[PDB]
Amino acid sequence: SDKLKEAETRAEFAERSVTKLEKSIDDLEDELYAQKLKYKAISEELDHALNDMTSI
Amino acid sequence: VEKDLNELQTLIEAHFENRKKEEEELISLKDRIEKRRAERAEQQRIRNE
C-alpha cells in the first residue's frame, strides 16, 4: 500500500509538470512567432527600400 | 567606386534573396509547427477525454 501511494503521488506530480511545460513551450513559440513577424515586417520595408535604391 | 557600388548592391540583393529563402523556410517551419501544436492538442485532448 505504501508503494502504491508513492507511485500515485509521483504520477500526479509528473502529469502536472508536463501540463505546465506544454503551456510554457506553446507560449514561447507564440513569442518567437511574433518576433519573427516583426523581423519580416522590417525586412520587407528594407526590401522596398532596396527596390527603390535599384533606381538610386 | 562604380563597380564597387555594383558588386556591393549585387551582393546586397544576393543576401537579400538568401535571407529571404531562409525566412520562407522559417515560415514553413512555423506553419508545420502550428500543425504540430494542433495535432498535439487534439491527441492530448483525446487522451484526456
# chains A, B, ... in the order shown; residues from 1 in each chain; ligands from 1
>>> residues_around(residues="segment 8-25 of chain A", least_positions_apart="5", cutoff="10 Å", atoms="only C-alpha atoms", output="short mmCIF file (atom, residue, chain, number, x, y, z; two decimals) with N, CA, C and O atoms, in the first residue's frame")
data_model
loop_
_atom_site.label_atom_id
_atom_site.label_comp_id
_atom_site.auth_asym_id
_atom_site.auth_seq_id
_atom_site.Cartn_x
_atom_site.Cartn_y
_atom_site.Cartn_z
N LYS A 3 3.89 1.57 -1.21
CA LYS A 3 4.47 1.71 -2.54
C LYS A 3 3.46 2.26 -3.54
O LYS A 3 3.80 3.13 -4.36
N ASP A 30 4.73 31.09 -29.38
CA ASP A 30 3.97 32.27 -29.81
C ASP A 30 4.85 33.52 -29.81
O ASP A 30 4.80 34.33 -30.74
N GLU A 31 5.65 33.68 -28.76
CA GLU A 31 6.53 34.85 -28.69
C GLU A 31 7.55 34.85 -29.83
O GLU A 31 7.81 35.90 -30.44
N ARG B 37 1.37 21.83 -33.11
CA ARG B 37 0.61 22.29 -31.96
C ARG B 37 -0.82 21.76 -32.02
O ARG B 37 -1.34 21.24 -31.03
N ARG B 40 -0.85 17.86 -31.53
CA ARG B 40 -0.61 17.56 -30.13
C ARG B 40 -1.82 17.93 -29.29
O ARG B 40 -2.19 17.19 -28.37
N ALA B 41 -2.45 19.05 -29.60
CA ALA B 41 -3.63 19.46 -28.85
C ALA B 41 -4.75 18.45 -29.01
O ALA B 41 -5.37 18.04 -28.02
#
>>> interface_residues(of="chain A", to="chain B", cutoff="12 Å", atoms="only C-alpha atoms", output="tab-separated table (two decimals) with N, CA and C atoms, in the first residue's frame")
chain	number	residue	atom	x	y	z
A	15	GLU	N	2.45	14.47	-14.11
A	15	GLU	CA	1.41	14.94	-15.02
A	15	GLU	C	1.26	16.46	-14.93
A	18	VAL	N	4.10	18.10	-16.70
A	18	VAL	CA	4.01	18.04	-18.15
A	18	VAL	C	3.00	19.06	-18.66
A	19	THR	N	1.91	19.28	-17.91
A	19	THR	CA	0.93	20.28	-18.32
A	19	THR	C	1.56	21.68	-18.34
A	22	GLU	N	4.03	22.03	-21.25
A	22	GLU	CA	3.36	22.19	-22.53
A	22	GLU	C	2.84	23.61	-22.71
A	23	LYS	N	2.20	24.15	-21.68
A	23	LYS	CA	1.69	25.52	-21.80
A	23	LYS	C	2.83	26.50	-22.03
A	25	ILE	N	5.87	25.98	-23.33
A	25	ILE	CA	6.50	25.87	-24.64
A	25	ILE	C	5.60	26.48	-25.70
A	26	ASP	N	4.28	26.29	-25.58
A	26	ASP	CA	3.39	26.93	-26.54
A	26	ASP	C	3.49	28.45	-26.47
A	27	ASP	N	3.53	29.00	-25.26
A	27	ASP	CA	3.63	30.45	-25.12
A	27	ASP	C	4.93	30.98	-25.72
A	29	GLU	N	6.71	29.60	-28.08
A	29	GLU	CA	6.59	29.52	-29.53
A	29	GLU	C	5.80	30.70	-30.08
A	30	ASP	N	4.73	31.09	-29.38
A	30	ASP	CA	3.97	32.27	-29.81
A	30	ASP	C	4.85	33.52	-29.81
A	31	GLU	N	5.65	33.68	-28.76
A	31	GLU	CA	6.53	34.85	-28.69
A	31	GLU	C	7.55	34.85	-29.83
A	32	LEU	N	8.13	33.69	-30.12
A	32	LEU	CA	9.08	33.60	-31.23
A	32	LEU	C	8.40	33.93	-32.55
A	33	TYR	N	7.17	33.45	-32.74
A	33	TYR	CA	6.43	33.78	-33.95
A	33	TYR	C	6.21	35.28	-34.08
A	34	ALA	N	5.88	35.94	-32.97
A	34	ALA	CA	5.66	37.39	-33.01
A	34	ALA	C	6.95	38.13	-33.38
A	36	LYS	N	9.50	36.96	-35.04
A	36	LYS	CA	9.75	36.68	-36.45
A	36	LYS	C	8.87	37.55	-37.34
A	37	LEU	N	7.62	37.77	-36.92
A	37	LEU	CA	6.73	38.64	-37.69
A	37	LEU	C	7.28	40.06	-37.76
A	39	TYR	N	10.44	40.96	-37.45
A	39	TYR	CA	11.64	40.93	-38.30
A	39	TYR	C	11.26	40.89	-39.77
A	40	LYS	N	10.26	40.09	-40.12
A	40	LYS	CA	9.83	40.02	-41.51
A	40	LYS	C	9.24	41.35	-41.97
A	41	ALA	N	8.49	42.03	-41.11
A	41	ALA	CA	7.92	43.32	-41.49
A	41	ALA	C	9.02	44.33	-41.81
A	43	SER	N	12.03	43.65	-42.57
A	43	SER	CA	12.78	43.15	-43.71
A	43	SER	C	12.08	43.49	-45.02
A	44	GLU	N	10.75	43.41	-45.05
A	44	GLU	CA	10.01	43.80	-46.25
A	44	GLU	C	10.12	45.30	-46.48
A	46	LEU	N	12.73	47.12	-45.67
A	46	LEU	CA	14.07	47.28	-46.22
A	46	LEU	C	14.16	46.77	-47.65
A	47	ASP	N	13.40	45.72	-47.98
A	47	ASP	CA	13.39	45.23	-49.35
A	47	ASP	C	12.75	46.24	-50.30
A	48	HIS	N	11.69	46.92	-49.85
A	48	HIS	CA	11.15	48.03	-50.63
A	48	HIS	C	12.18	49.14	-50.79
A	49	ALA	N	12.91	49.44	-49.72
A	49	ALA	CA	13.97	50.43	-49.80
A	49	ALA	C	15.02	50.03	-50.83
A	50	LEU	N	15.36	48.74	-50.87
A	50	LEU	CA	16.32	48.24	-51.85
A	50	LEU	C	15.76	48.32	-53.26
A	51	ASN	N	14.46	48.04	-53.42
A	51	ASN	CA	13.84	48.17	-54.73
A	51	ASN	C	13.92	49.60	-55.22
A	53	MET	N	16.21	51.77	-54.18
A	53	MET	CA	17.63	52.04	-54.35
A	53	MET	C	18.16	51.47	-55.66
A	54	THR	N	17.50	50.44	-56.20
A	54	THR	CA	17.83	49.98	-57.54
A	54	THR	C	17.69	51.11	-58.55
A	55	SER	N	16.73	52.01	-58.32
A	55	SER	CA	16.61	53.24	-59.09
A	55	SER	C	17.54	54.34	-58.59
A	56	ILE	N	18.14	54.16	-57.42
A	56	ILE	CA	19.13	55.10	-56.91
A	56	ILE	C	20.47	54.82	-57.57
>>> atom_distance(atom1="atom CA of residue 45 of chain A", atom2="atom CA of residue 4 of chain B")
24.5 Å
>>> decode(residues="segment 13-54 of chain A", atoms="C-alpha atoms", output="PDB file, in the first residue's frame")
ATOM      1  CA  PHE A  13       3.383  15.347  -9.880  1.00  0.00           C
ATOM      2  CA  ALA A  14       4.749  14.343 -13.284  1.00  0.00           C
ATOM      3  CA  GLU A  15       1.414  14.945 -15.017  1.00  0.00           C
ATOM      4  CA  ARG A  16       1.106  18.447 -13.578  1.00  0.00           C
ATOM      5  CA  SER A  17       4.698  19.187 -14.588  1.00  0.00           C
ATOM      6  CA  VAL A  18       4.007  18.040 -18.151  1.00  0.00           C
ATOM      7  CA  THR A  19       0.933  20.284 -18.325  1.00  0.00           C
ATOM      8  CA  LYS A  20       2.908  23.323 -17.189  1.00  0.00           C
ATOM      9  CA  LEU A  21       5.752  22.543 -19.596  1.00  0.00           C
ATOM     10  CA  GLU A  22       3.361  22.187 -22.533  1.00  0.00           C
ATOM     11  CA  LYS A  23       1.692  25.517 -21.804  1.00  0.00           C
ATOM     12  CA  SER A  24       5.055  27.257 -21.404  1.00  0.00           C
ATOM     13  CA  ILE A  25       6.503  25.870 -24.640  1.00  0.00           C
ATOM     14  CA  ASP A  26       3.390  26.927 -26.543  1.00  0.00           C
ATOM     15  CA  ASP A  27       3.631  30.454 -25.125  1.00  0.00           C
ATOM     16  CA  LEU A  28       7.323  30.736 -26.004  1.00  0.00           C
ATOM     17  CA  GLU A  29       6.587  29.517 -29.532  1.00  0.00           C
ATOM     18  CA  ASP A  30       3.974  32.268 -29.810  1.00  0.00           C
ATOM     19  CA  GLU A  31       6.532  34.851 -28.690  1.00  0.00           C
ATOM     20  CA  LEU A  32       9.077  33.602 -31.231  1.00  0.00           C
ATOM     21  CA  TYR A  33       6.428  33.776 -33.952  1.00  0.00           C
ATOM     22  CA  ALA A  34       5.664  37.387 -33.011  1.00  0.00           C
ATOM     23  CA  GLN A  35       9.322  38.428 -33.099  1.00  0.00           C
ATOM     24  CA  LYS A  36       9.754  36.683 -36.453  1.00  0.00           C
ATOM     25  CA  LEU A  37       6.734  38.638 -37.688  1.00  0.00           C
ATOM     26  CA  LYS A  38       8.361  41.919 -36.631  1.00  0.00           C
ATOM     27  CA  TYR A  39      11.637  40.932 -38.295  1.00  0.00           C
ATOM     28  CA  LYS A  40       9.827  40.019 -41.512  1.00  0.00           C
ATOM     29  CA  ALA A  41       7.920  43.315 -41.490  1.00  0.00           C
ATOM     30  CA  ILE A  42      11.061  45.424 -41.178  1.00  0.00           C
ATOM     31  CA  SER A  43      12.782  43.153 -43.711  1.00  0.00           C
ATOM     32  CA  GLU A  44      10.012  43.798 -46.245  1.00  0.00           C
ATOM     33  CA  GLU A  45      10.322  47.529 -45.580  1.00  0.00           C
ATOM     34  CA  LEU A  46      14.068  47.284 -46.223  1.00  0.00           C
ATOM     35  CA  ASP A  47      13.388  45.227 -49.355  1.00  0.00           C
ATOM     36  CA  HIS A  48      11.150  48.025 -50.635  1.00  0.00           C
ATOM     37  CA  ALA A  49      13.973  50.435 -49.801  1.00  0.00           C
ATOM     38  CA  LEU A  50      16.323  48.239 -51.848  1.00  0.00           C
ATOM     39  CA  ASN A  51      13.841  48.166 -54.726  1.00  0.00           C
ATOM     40  CA  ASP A  52      13.827  51.961 -54.728  1.00  0.00           C
ATOM     41  CA  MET A  53      17.629  52.044 -54.354  1.00  0.00           C
ATOM     42  CA  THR A  54      17.833  49.980 -57.538  1.00  0.00           C
TER      43      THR A  54
END
